[PDB]
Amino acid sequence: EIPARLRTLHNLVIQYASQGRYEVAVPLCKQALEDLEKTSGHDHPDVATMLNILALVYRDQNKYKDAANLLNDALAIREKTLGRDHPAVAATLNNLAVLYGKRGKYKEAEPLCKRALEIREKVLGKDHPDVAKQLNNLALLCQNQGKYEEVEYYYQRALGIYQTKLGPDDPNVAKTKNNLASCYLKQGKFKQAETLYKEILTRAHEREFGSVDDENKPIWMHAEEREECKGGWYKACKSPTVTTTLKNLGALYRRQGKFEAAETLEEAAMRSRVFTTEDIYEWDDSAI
């Protein structure tokens, strides 16, 4: 009847972790690990799953060091039980890379992210949107090492996959363009970053109001006009990425001394809820 106990413990861990009640989930999770090791030993895929669940919880508590320890343990187990090149191994590698990345340990993060990419290319193909998502994380790790030539290549590759496979109007496209614009900002390539921000806002405008003409322009065209002369409530639902684009383009206008252009974009940012450059790593949820 120990397996019945484990069934109930797993059920409770999931229940209380879904509710964000970590004061309950963490102890029950540790209890499940203790009881699993007695039955199935340490080198069983279910032990690696429970380790991933505890790592997720620690990640939300910003206990990145502790989360990393559990995922290191889980990676070793999964390699030995499921094979290297198993999708569960790619997810663990990605999440370890992000954990190291959050701690600024980029030298240690890069090889893990690269191995995850190898696995995803082998299983899904080199032109799969999940490969584009992994390239974003790799690009971010390389960006913090100053490897800008590599960073630009990975983003351009990812951007190509997304635009061919998914719409030009896909959220992954705007997010990737933002990440690339941040890379350009760190290099002092302000005009290249400005172009990406404008592409994002122009496309968002065309999606809601159709073609651009003299009578129907995007916010940034109104902004630049303003500088030279110193029933759509339901459509609100159709992005945090857009507010970051507005803020960053606003900052670029301010740096050029175009304060009226900046005011127009920043006013739009206020209504839609020092460049806003936060490294945003994608987490693989399929580690389970």
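In case it trips you up, residue 1 is the first one in the sequence shown, and so on.
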Check your understanding: Taking residue 30 and residue 31 as adjacent modelled residues, how many residues of the deposited sequence between them have no coordinates (none, 1 to 3, 4 to 9, 10 or more)?
Key -> none
Check your understanding: In this entry, is the chain continuous from residue 273 to residue 274, or are deposited residues missing in between (none, 1 to 3, 4 to 9, 10 or more)?
Key -> 10 or more
**Study point:** Entry-level comparison of average CA B-factors, 83-91 and 209-217, reporting the higher stretch
**Key:** 209-217
Study note, to complete from the structure: Going by the entry, of stretches 221-229 and 56-64 the one with greater average Cα B-factor is 221-229
Revision key, fill the gap. From the entry's CA B-factor values, the highest among 248, 49, 69, 256 is 256
Exercise for review: Can you pull the Cα B-factors for 78, 115, 189, 103 from the entry and say which is highest?
Suggested key: 103
Point to revise | Chain-relative CA temperature factor third for residue 157 | key: middle
Practice item. Can you work out whether the C-alpha temperature factor of residue 264 puts it in the lowest, middle or highest third of the chain? Key: middle
Practice item. Can you work out whether the C-alpha temperature factor of residue 42 puts it in the lowest, middle or highest third of the chain? Key: middle
Practice item. Classify residue 149 as lowest, middle or highest third according to the C-alpha B-factor given in the PDB entry, relative to its own chain. Key: highest
**Study point:** Where the record places residue 163 (Cα B-factor, split into thirds across the chain)
**Key:** highest
